[PDB]
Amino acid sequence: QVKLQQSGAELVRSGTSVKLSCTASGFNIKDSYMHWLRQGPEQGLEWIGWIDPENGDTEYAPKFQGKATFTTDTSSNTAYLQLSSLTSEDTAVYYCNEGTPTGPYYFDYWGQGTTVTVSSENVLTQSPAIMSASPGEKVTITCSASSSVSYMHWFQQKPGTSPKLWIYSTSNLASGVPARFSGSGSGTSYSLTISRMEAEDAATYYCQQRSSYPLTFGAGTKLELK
């Protein structure tokens, strides 16, 4: 079993720097690219960048260029994220994420997250921001992009857990996703549908495009059980 274990919560004062770590187990980080993301209080996901643990190539989202620094220790199979000049604005849950390096994004692992509390672009639009459904109802959520994207991916997130790959490459279900779910679309318009809602489907759903940097997510659709 693959596990990405992150370091514990950090309580820091504005102005300082932290270094978080993420150690993989049952997977060699060198085999793909380690992504670092952050989920703010508003619960929106932001991509920070990736590092190629094999040759140290890195790609930082422009917003984090300068603020973040990725380094690795392949010997221990660990990736580090160093944030600088923290401000109250950086208070968030930081995640490390690694999945399929090429081709269909069929596998994906997330760290459990590290909460850092600071003491003082292809924009995707999801609709609707929130909705309610009773088990048995049909559900259709959309996600439109600013510029055409090759594929669209979807992640489901329940309260207190990290995101879980749900649908990859527009219409393929991730491992363990029930058949009642389906995805589709093309160009700049995509959607996720649930034929018949189940109580267990209530969660927040995010669409993500991996076609251009910085990778972006939709703000999410909270699907509440009615």
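Each residue number is its position in the shown sequence, starting from 1.
Deposited sequence between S120 and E121: 10 or more residues lack coordinates. Relative to one another, 214-222 and 13-21 have unequal mean CA B-factors, and 13-21 is the one with the higher figure. As listed in the deposited structure, the average C-alpha B-factor of 53-61 and of 160-168 is greater for 53-61. Set against one another, the Cα B-factors of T140, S148, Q126, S132 in the record reach their highest point at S148.
Among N77, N97, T91, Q112, the highest C-alpha B-factor recorded in the PDB entry belongs to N77. Sorting the modelled residues of the chain by their CA temperature factor places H35 in the lowest third.
The entry lists a Cα temperature factor for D201 that places it in the lowest third of the chain's modelled residues. Residue-level temperature factors show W47 in the lowest third of its chain, judged at the C-alpha atom. When all modelled residues of the chain are sorted by CA temperature factor, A174 is found within the middle third. Ranked within its chain, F181 lands in the lowest third, by CA B factor from the PDB record.
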